[PDB]
Structure formats: C-alpha cells, structure tokens
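The form deposited without the RNA is given below as one chain in structure tokens.
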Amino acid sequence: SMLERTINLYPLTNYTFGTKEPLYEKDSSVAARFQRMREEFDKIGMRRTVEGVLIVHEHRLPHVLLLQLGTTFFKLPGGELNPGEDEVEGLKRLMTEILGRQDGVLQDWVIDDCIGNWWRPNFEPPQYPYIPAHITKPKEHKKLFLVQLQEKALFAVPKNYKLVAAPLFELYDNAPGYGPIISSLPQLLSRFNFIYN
C-alpha cells in the first residue's frame, strides 16, 4: 500500500551556485523561435524537448530549482534533443551544458522518473498534457523528468541566468507567473514520498 516512489531531498544550503559565461538563447524573439520551429519541422519533423525537475528543501519545505533569464521568464533546465538522441542521455547532456562546472568535473545526474508529457499542436504558444483532437502532426513533444540530486553539488549558473528555488505554493495555480507546465509541478510532484535529509 506504499506505492509511492521515495526521493531524497537535501537542504538548498548543501549546494554551491557558482557563475560562468552567459549561455545565449538560439532564438532572439518569439517570432524567430516559431520561424526556426517551422524550418526544422520541415527538415526533421516534430521537435523533441526534455526538461529536468530538480528539488531541494529548506527546513522541510520542498523547492523546485528554476532558471530565470535575467528578471524575465522562468525555465526548467533542459532543451532540444538532436535527431536519434536518447531522451535521458540528452537531458544529461543539456543539464551539463547549462549547470556543468568550469573545472569540468562531472555531475552525477540520476534520472529514473518521468513526471509528464506536453504536446504543442501548432507553431504557437499553446501546449497540452495530451495530443488535442484532430492533431495528427504535433509540432513539439516535451518530456519532463525528475532529477535526483546528490547530497552536495557545485553548479555553475550562466551569468545571464539566476538559479531560483521556488516553493511549491508559489507555483500552484500561478500559470500567469510560470505558465501551465511549471504551475502544475505541485500536482505532478504530490505522488512522491520526499525524505527531508
């Protein structure tokens, strides 16, 4: 009757957030973003994106780590797979590209849980946790994974981002602030048995 996955959390103070050079967005605007999505859809079909959910606690209060692009949009660490690239190897590659250390020591990323799937039916902002009616060729498939952190780690944050620890209550019913994926993380994380180490 214990059917829940057990996840170890560690205090935010166990982690060191260093700095490294800016990591520039491939798209300089929303219009460039959907232009490139259109171009690549014609060459290699549906975009495949992967996102990592990294959890910490402070005083037993779970927090999700978010990347804030300056003081603008909040992002999960992640990004686009190459054609034929494994989803889990790819999320590990991307999380290394974003948060990997300047001394080039490897993080031991542990990824054992899928926490959801989102689909983009058009070259437009809307995303859904299912393929909408009549949609045969979704333009993007986004996969979210829970990333189990080690007890301690050094992360190097690109200088153009802030790493922010968001408490679940701040995400919950806050789509305007965070959008539909991040704002549904409280619900999607509720099934886990978190251990507060």
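One-based numbering along the sequence shown. Residues that one form lacks are left out of the comparison. Here, rigid core means the biggest group of C-alpha atoms that superpose within 1.5 Å across both forms.
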{"item": "Stretch with the greater mean C-alpha B-factor as recorded in the entry, comparing 97-105 against 73-81", "value": "97-105"}
{"item": "Comparing 50-58 with 153-161, the one whose average Cα B-factor in the PDB entry is higher", "value": "153-161"}
{"item": "Given 36, 142, 139, 26, the residue at which the Cα B factor reaches its maximum", "value": "26"}
{"item": "B-factor third for the C-alpha atom of residue 190 within its chain", "value": "lowest"}
{"item": "CA B-factor ranking of residue 175, expressed as a third of its chain", "value": "highest"}
{"item": "Cα B factor band for residue 64 (lowest, middle or highest third within the chain)", "value": "lowest"}
{"item": "Third of chain Cα B-factors occupied by residue 183", "value": "lowest"}
{"item": "Record-listed C-alpha B factor of residue 147: chain third", "value": "lowest"}
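Keep in mind that the form deposited with the RNA bound is not shown, yet the notes after this line are about it.
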property: In the deposited bound form, residue 69 touching the RNA (heavy atom, 4.5 Å); result: yes
property: Residue 48 within 4.5 Å of the RNA in the deposited bound form, heavy atoms; result: no
property: Contact flag, residue 141 vs the RNA in the deposited bound form, heavy atom cut 4.5 Å; result: no
property: Residue 36: touches the RNA in the deposited bound form, heavy atom cutoff 4.5 angstroms; result: no
property: Partner-facing stretch of 23-31, 52-60, 38-46, 129-137, counted where any non-hydrogen atom is within 4.5 angstroms of the RNA in the deposited bound form; result: 23-31
property: All of 125, 178 and 182 within 4.5 Å of the RNA in the deposited bound form, heavy atom check; result: yes
property: Residues in 83-97 close to the RNA in the deposited bound form, defined by a heavy atom within 4.5 Å, in order; result: none
property: Residue 82 C-alpha moves between the shown form and the other one by 2 Å or more, core aligned; result: no
property: C-alpha of residue 70 moved at least 2 Å between the shown form and the other one on rigid core; result: yes
property: Displacement runs between the shown form and the other one, C-alpha, 2 Å or more, three or more consecutive residues, core aligned; result: 70-72
